[PDB]
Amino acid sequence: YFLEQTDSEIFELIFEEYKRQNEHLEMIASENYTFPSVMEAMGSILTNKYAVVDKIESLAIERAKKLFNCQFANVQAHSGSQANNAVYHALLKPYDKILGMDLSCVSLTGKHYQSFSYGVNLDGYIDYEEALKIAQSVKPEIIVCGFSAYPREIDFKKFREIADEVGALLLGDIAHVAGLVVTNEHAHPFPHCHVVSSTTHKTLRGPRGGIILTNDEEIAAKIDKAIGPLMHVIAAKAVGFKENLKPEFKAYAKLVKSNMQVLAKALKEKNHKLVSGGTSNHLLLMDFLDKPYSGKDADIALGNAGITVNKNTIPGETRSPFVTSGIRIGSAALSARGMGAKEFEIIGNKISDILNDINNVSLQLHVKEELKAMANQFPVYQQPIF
């Protein structure tokens, strides 16, 4: 209750963000609402500690090993991106080659690496035969899989078959589907991957941060060497992991997926096209190649109606990368608010109504009022500070 009295300007900014989170429909596939108990840990007196291993870090590691079903965890990475870079820094030599995904049909981090891409077929699925052919030619030291805008499951087993044929390490970046992995609602990356990286936020609903997992003791030792401990953040990760182990979190992961199925079905019944024909996870991609509006146009129109999505290039893209021909839409945040099939059906029909009359501003403003009323039936938080 201090800020309410001691810092009017910060309190106003927090309160307006709290109101914004509560009153609009967050459908950016990477966004989510952290658990209240995670924020309590983030705001705890553990921030004063330390300006061989704290019990709190051992507990975070123990819970991670159980949650991710692996023998070793490092919980010190500040982000999923730092987690990936620490893996490269630990396992690669200068000018080693990295083969990773992009959604199409030289780089430094202290050390210089050579970067290569594989992609999707014209139907929007990873082309594993072509990824193998690229690997055979490129001969990468490490193959990475996992991708922020892919609406289907990663076949880690097949990627390991490729990695084994060319003698590559395999890194599974599960940052974008982690809450589905740890609830057995997405194919598991182990034992196929030599090493796995993830964020702790997004579909896991923990604090902002990264993590690195492995079953190989020598990889684990190298990771520990390549990576100031923030004890409140490590505690917050541990808090999130214990929430993630509960049966309620499996029910949440199933709702994330079923809400996506409801949304996909509603859109396809209104004759909208989806990349790959639908989804098997937390996100879909709408396909506007044959529409007179762009992904950017749709992003803005839906945003005016209180629905946040993001534009996204799609396979066969014919528009510029700043404009794009698609939008990415996710269910994780609204599912965390308790919204379900009835709500996702209404949202699908409203998205269809706007895309079918995309410059009708009064329609957008009408929809915004209706969906704000829906949001207020499913409040996110009863307070802005925990």
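Just count from 1 along the sequence shown to find any residue number.
Coordinates are given for every residue of the deposited sequence from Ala220 through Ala221, so that no gap is recorded there. Missing coordinates between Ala51 and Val52 amount to 10 or more residues of the deposited sequence. Stretches 202-210 and 306-314 differ in mean C-alpha B factor, with the higher average recorded for 306-314.
Relative to its counterpart among 335-343 and 352-360, 352-360 has the higher mean temperature factor, C-alpha atoms as listed in the PDB entry. When the C-alpha B-factors of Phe249, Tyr95, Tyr150, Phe159 are read from the PDB record, the largest value belongs to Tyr95. Across the residues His176, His192, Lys270, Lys254, the deposited record lists the maximum Cα B factor for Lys270.
In the PDB entry, a CA B factor belonging to the lowest third of its chain's modelled residues is recorded for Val38. Ranked by Cα temperature factor within the chain, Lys237 sits in the lowest third according to the deposited record. Sort the chain's modelled residues by C-alpha temperature factor and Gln76 lands in the middle third, per the entry.
When the modelled residues of the chain are ordered by C-alpha B-factor, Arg328 sits in the lowest third. Per the PDB record, residue ranking by Cα B-factor puts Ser117 in the highest third of the chain.
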